[PDB]
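> Quick mapping for you: the protein sequence lines, in order, are chains Q, T, R and U. Numbers 125 to 213, 239 to 353, 361 to 376, taken from the authors' numbering, label the letters of the first sequence in order. Numbers 425 to 477, taken from the authors' numbering, label the letters of the second sequence in order. Numbers 9 to 86, 106 to 144, 147 to 185, 187 to 203, taken from the authors' numbering, label the letters of the third sequence in order. Numbers 34 to 47, 51 to 103, 121 to 136, 149 to 253, taken from the authors' numbering, label the letters of the fourth sequence in order. Ideal Cβ placement from N, Cα and C applies to all residues, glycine included. Take this structure first; my questions come after.
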Amino acid sequence: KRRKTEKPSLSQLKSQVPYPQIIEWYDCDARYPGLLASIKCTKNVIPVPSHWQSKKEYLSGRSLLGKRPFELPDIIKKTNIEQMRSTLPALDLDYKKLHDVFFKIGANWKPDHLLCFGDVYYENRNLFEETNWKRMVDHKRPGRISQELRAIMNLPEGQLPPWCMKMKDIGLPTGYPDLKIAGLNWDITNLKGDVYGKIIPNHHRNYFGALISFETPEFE
Amino acid sequence: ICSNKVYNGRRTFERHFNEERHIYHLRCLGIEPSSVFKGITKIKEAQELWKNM
Amino acid sequence: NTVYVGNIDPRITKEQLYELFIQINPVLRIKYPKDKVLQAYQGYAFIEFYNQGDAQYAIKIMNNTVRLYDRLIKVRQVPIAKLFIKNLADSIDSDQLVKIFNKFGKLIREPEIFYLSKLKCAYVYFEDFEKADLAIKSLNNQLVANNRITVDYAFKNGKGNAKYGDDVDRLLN
Amino acid sequence: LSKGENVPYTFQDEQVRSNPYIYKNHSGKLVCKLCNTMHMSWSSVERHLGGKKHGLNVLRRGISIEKXXXXXXXXXXXXXXXXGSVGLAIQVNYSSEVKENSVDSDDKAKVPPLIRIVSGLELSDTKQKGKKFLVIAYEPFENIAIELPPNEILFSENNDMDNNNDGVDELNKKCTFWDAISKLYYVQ
RNA sequence: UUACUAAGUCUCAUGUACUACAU
RNA sequence: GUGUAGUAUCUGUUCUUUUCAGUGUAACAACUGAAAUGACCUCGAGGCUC
């Protein structure tokens, strides 16, 4: 009773904290709030996954209904057993082939997503969309437009995007100062296919561990 | 901080932290927006918190 | 920072939006809703850039520019004193109210005329708690158009508390 | 229980449906696209339709679908008295069919003179002020005013028995008379 | 231009699996 | 193609004494105890009300 009503306000607790935004309303009933704020707000600690205080047993997810059953890592998919055995609703294989797939072909191979120091998987999360996202931030760059989005845009080949004219009056993108586009800052004769422009960088090892040779263990 | 307003749910009040009027009371009060001040209730304490900012 | 985009074909997908706007500026995040009542896309998205400079830039260059599935793409960027007044005369026009309260203080909005009980009452919005105190001090229990009117704070219980002067002062600031 | 209707699968790329909602997904189960609820049997589907849940989602989806000659007349002020105090009475006279013979097109001609109490706080010159005026107005003739230093005189208390023809205001009906036959406006 | 969250408890029915146990 | 006992899981349905205090809870929830009756005012809300 008295101890329950003795609690300091969470904002009174914020001042003790160097990173006050992590502390939350429920920290008021922390039996040792001044300590718990220091631990929770300590540098490298990773806050408890928030699926607690929910009674849903951490997975009720509607998204769980729509998750793909599985996908082979493409290196293993090269092994062709996908066609040999149909998992969806005998296939003689070579020892050298499989062994080389894991070792010769797949030594340097690593899953593309993984996760980071403090990455924690909440129920509603799905990594796959973020994998295509990270891969997409990689492939796609300004000045280039795929033929699909080009067809939807109804832009014929050899013709500049509609924002090149408004970009002539307004100016180059503030975010891309080094961006070049045919007809304006960049040679129109170099206009080719899906690329109407490219960023021209103005910036222009061994890491003590350079192996200088790569030799995998041989099965034979 | 909001008109001594009444809220009928804790999820809803936790949604008040990101709102137009709530941020208007903060920012027009001189307490700048976003995520440090989320746990605010009374007008007073976040003033010393903003002095700490 | 964040820009609203609309008039979007549900066949426009997330990768297509990303590839579209990266041509304009770098895109921090894309929230592109997916209906749980149609299992598709509801035809408007939100693109959060890395700053309001690139945001406003994309608003200027992007608006009424790109044509996707023959439909044009749209882009759009994303607390005051209140006095209850009772027993007004039927000859009192809202504009007459405006004239009466302008001398005391600037009105943030127009008065609201409503009938209780037969009983003509109005809400008057002042930009200042102190000017509201002026219209109260002078106009409380006064006879206008041969009718005695009462001027006080409207309920929220009623306005004019101690924290109300404090925060309304700040909203003035 | 299906009443012989054919519900096409969701992936069959849409014959008009009874309810264009319940579908069958890639699997054999039945689903409500709005509600996103799975149903084992058509009986469960009918329970869903007859349930308040589905209806609420239908209303939400419908909300989504919606989403002057200026001539000074002649006044005759006179100190009156009755009981129990003192009041003022004014006798304003108007033209004797001299100029009103050219204008008779029932344009507010039926409207009698009107009086209003004005504060001197607002004047064309704005020099001095601080007292009230009992202004009296008629369409052609020029306005007229009478200064009222006394804060209150003849300001009665429920003279008549609360009858509601506001005319213009309580003041006019309460204490004015318009002898239109002789053109004499009395005010007290 | 809609800036992304709903079911819970009870009651009385329906849907579907299952566990010991016997011919 | 059966019967005995028993279990789990959907879905439908529906909101249990208005309040107070204690336990309880991260807060809820839940549990434990009691019970106002009368009068009035403005638009179910409100009372330094009696």
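(1) By how many angstroms is the C-alpha of U:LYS89 removed from the C-alpha of U:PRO56?
(2) Which parts of the region 207-245 of chain U are runs of the alpha helix (DSSP H), unbroken and 4 residues or longer, counting only runs that do not cross its ends?
(3) So which residues on chain U does R:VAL153 lean against when the C-beta distance must stay under 8 Å?
(4) Please state if the CB of R:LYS82 and the CB of R:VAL13 are separated by a distance shorter than 8 Å.
(5) Can you tell me whether Q:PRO144 is buried or exposed? The criterion is at least 16 other CB atoms within 10 Å of its CB, across all chains shown.
(6) If contact is defined by three or more beta carbon pairs under 8 Å, each pair taking one atom from either stretch, is the region 31-43 of chain R in contact with the region 308-328 of chain Q?
(7) Which same chain residues, not among the five before or five after R:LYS39, have their C-beta less than 6 Å away from its C-beta?
(8) Please report how far the alpha carbon of Q:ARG209 lies from the alpha carbon of Q:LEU240, in whole angstroms.
(9) With 16 other CB atoms within 10 Å as the buried threshold, where does R:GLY132 fall?
(10) When Cβ atoms are compared, which residues of the region 126-137 of chain Q fall closer than 8 Å to chain T?
(11) Would you please state the rounded distance, in angstroms, between the beta carbons of T:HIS440 and T:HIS446? I believe it to be under 8 Å.
(12) Taking its Cβ as the centre, do 16 or more other Cβ atoms sit within 10 Å of residue 384 of chain Q, making it buried, or is it exposed?
(13) Give the straight-line distance between the Cα atoms of U:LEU219 and R:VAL180, rounded to the nearest whole angstrom.
(14) Of the residues that make up the region 458-474 of chain T, which ones have a beta carbon closer than 9 Å to any beta carbon in chain Q?
(15) Does DSSP put T:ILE467 in a helix, a strand or coil?
(16) Closer than 8 Å, CB to CB, is Q:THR323 near chain R or not?
(17) For a test of the three-state rule: what should DSSP assign to T:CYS452, helix, strand or coil?
(18) Based on the DSSP output, what are the partners of Q:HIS352 in its beta bridges?
(19) Check whether the region 329-349 of chain Q touches the region 364-375 of chain Q, counting contact only when three or more Cβ pairs, one atom from each stretch, lie closer than 8 Å.
(20) Cα separation between R:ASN59 and Q:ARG361?
(21) Does the region 154-163 of chain R touch the region 126-140 of chain R, meaning 3 or more C-beta pairs lie closer than 8 Å?
(22) Measuring CB atoms only, is the region 150-164 of chain U touching the region 214-233 of chain U, in the sense that at least three cross pairs come out at less than 8 Å?
(23) Closest to T:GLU444 by C-alpha separation, out of R:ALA63, R:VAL86, R:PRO18 and R:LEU25, would be which residue?
(24) Compare the C-beta of T:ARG445 against all C-beta atoms of chain R and say whether one is closer than 8 Å.
(25) Contact between the region 22-30 of chain R and the region 278-293 of chain Q: three or more CB pairs below 8 Å?
(26) Using a Cβ distance threshold of 8 Å, determine whether the region 241-258 of chain Q contacts the region 454-473 of chain T, with at least three qualifying pairs required.
(27) In the DSSP assignment, find the unbroken beta strand (DSSP E) run with Q:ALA366 in it and report its ends.
(28) Measuring CA to CA, which of R:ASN71, R:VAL198 and R:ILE107 is closest to R:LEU80?
(29) Just the C-alpha distance for U:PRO178 and R:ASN176, rounded to the nearest angstrom, thanks.
(30) Measure the alpha-carbon distance for U:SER160 versus U:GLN253 and round it to whole angstroms.
(31) Do R:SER118 and U:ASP234 have their beta-carbon atoms positioned less than 8 Å apart in this structure?
(32) Look up R:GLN24 in the DSSP assignment and say whether it is helix, strand or coil.
(33) Restricting to Cα atoms, I'd like to know which of U:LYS60, U:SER79 and U:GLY64 is closest to U:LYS36.
(34) Which residues share a DSSP beta bridge with U:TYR250?
(35) Any idea if R:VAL198 is buried or exposed, counting beta-carbon neighbours within 10 angstroms, 16 or more meaning buried?
(36) Determine the direct distance from the alpha carbon of Q:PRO326 to that of R:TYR154, and round the result to whole angstroms.
Once the coordinates are examined:
(1) 17 Å
(2) 235-239
(3) None at all; the shortest Cβ gap to chain U is about 19 Å.
(4) yes
(5) With 16 or more other Cβ atoms inside 10 Å of its own Cβ, Q:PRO144 counts as buried.
(6) yes
(7) Same-chain partners within the cutoff: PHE54.
(8) 7 Å
(9) R:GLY132 should be labelled buried.
(10) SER133, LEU134, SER135 and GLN136
(11) 5 Å
(12) Within the shown structure, residues of chain Q are numbered from 125 to 376, placing residue 384 of chain Q beyond reach of any answer.
(13) 25 Å
(14) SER458, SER459, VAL460, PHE461, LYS462, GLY463, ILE464, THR465, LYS466, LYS468, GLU469, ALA470, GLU472 and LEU473
(15) In this structure, T:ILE467 counts as coil in the three-state DSSP scheme.
(16) yes
(17) helix
(18) Looking at the DSSP assignment, Q:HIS352 forms no beta bridge with any residue, so it has no partner.
(19) Contact between the region 329-349 of chain Q and the region 364-375 of chain Q is not established, with fewer than three Cβ pairs separated by less than 8 Å.
(20) One C-alpha to the other measures close to 35 Å.
(21) yes
(22) The region 150-164 of chain U vs the region 214-233 of chain U: in contact.
(23) R:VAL86
(24) At least one chain R Cβ lies under 8 Å of T:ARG445.
(25) Counting C-beta pairs with one atom in each stretch, the region 22-30 of chain R and the region 278-293 of chain Q have three or more that are closer than 8 Å, which means they touch.
(26) Contact fails: fewer than three Cβ-Cβ distances are below 8 Å.
(27) Segment: none, Q:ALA366 is in no beta strand (DSSP E) and carries neither H nor E.
(28) R:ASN71
(29) 20 Å
(30) 22 Å
(31) yes
(32) The answer is helix: DSSP assigns R:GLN24 an H, G or I state.
(33) U:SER79
(34) U:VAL157 and U:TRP243
(35) buried
(36) 48 Å
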